[PDB]
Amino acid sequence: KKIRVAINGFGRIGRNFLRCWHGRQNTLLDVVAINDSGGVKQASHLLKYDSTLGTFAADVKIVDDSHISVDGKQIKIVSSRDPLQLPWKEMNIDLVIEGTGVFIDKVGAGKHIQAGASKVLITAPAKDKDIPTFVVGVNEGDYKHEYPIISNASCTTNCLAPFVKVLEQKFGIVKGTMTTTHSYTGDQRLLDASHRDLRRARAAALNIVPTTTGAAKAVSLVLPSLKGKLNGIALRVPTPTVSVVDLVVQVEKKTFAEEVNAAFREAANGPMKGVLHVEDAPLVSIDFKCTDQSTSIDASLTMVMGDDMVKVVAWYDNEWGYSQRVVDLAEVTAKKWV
């Protein structure tokens, strides 16, 4: 009943994924392989020690030049930058977690399947429009085992789509805009240096850095009713994890702050429990670190102007919360496996 999982790209998301999976009380996933350069010494070290996750409580050991163990469970470590040379056939790999960011299209991602894997889950927006995209709590019931390659979307779309779905259900969105005030990521430079994006080129811990986001338009992938309704931008700021979405939408049904928050609470207590949370305490970004939910509505910041302009402020741990959804989506593929 368990499925055999391989992680491709042991970066922030790959390592978050493992630690999220290892913390699961009950799981249908058996992680047997990690493809990554740097090898057993980097993989074991960076899995154990983490500047934002903290020290992993599990026993992490280097078994030999191609294996690590986590609390005694051995994991093969491989190290090939080109996917076509991966031993997924020999290792009977069921599902590949694609966390490199590099192979996000059918040609790139499909290479895992050629080398033996049956299914690929991309931890990022797909470049191709023919790769289905899912957000747990929104449209994961639409997933079918017949899909060989799937996308769990971006961390920002996973924050936005759950509370946008509630807004569309209760009040109806006409159009809107969003800004995510977002922790810096590994894509940005530490000091001013080469980058395709001249804003991301600038020292990340010193600056507020505007950058494009696809998340506002990507919401229409999991909520078709949102097509063309939203746009937005990102502001990268000098924090290492936890981000916040600032959404302003014009709604169909005139309303007020407590009625909007009531809708979120109803979803949080029912169909979106564990995915959407409504926070009533006056907190700051660090308080939402390592929260399992995709979205935490900051209830006291909800604002309605002129009856139909609604402003919602939503916290999300863009690393840990997203990785829990990657685990949730992988567990869906396992429970649907034929």
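Start at 1 with the first residue shown and count on from there.
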Point to revise | Higher-B stretch (mean Cα B-factor, as the entry records it), 296-304 or 28-36 | key: 28-36
Exercise for review: Read off the CA B-factors in the entry, average them over 77-85 and over 208-216, and name the higher stretch.
Suggested key: 77-85
Check your understanding: If you check the C-alpha B-factor for each of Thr52, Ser44, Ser285, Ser66 in the entry, which is highest?
Key -> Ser66
Check your understanding: If you compare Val138, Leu247, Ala203, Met91, which has the highest Cα B-factor in the entry?
Key -> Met91
Exercise for review: Could you look up the Cα B-factor of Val312 in the entry and say which third of the chain it sits in: lowest, middle or highest?
Suggested key: lowest
Review point. Among the chain's modelled residues, which third holds the C-alpha B-factor of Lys170?
Key: middle
**Study point:** Ranked C-alpha temperature factor of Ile149 among modelled chain residues, by third
**Key:** highest
**Study point:** Chain thirds of CA B-factor: placement of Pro224
**Key:** middle
Revision key, fill the gap. Temperature factor at the Cα of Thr255, chain-ranked in thirds, falls in the middle
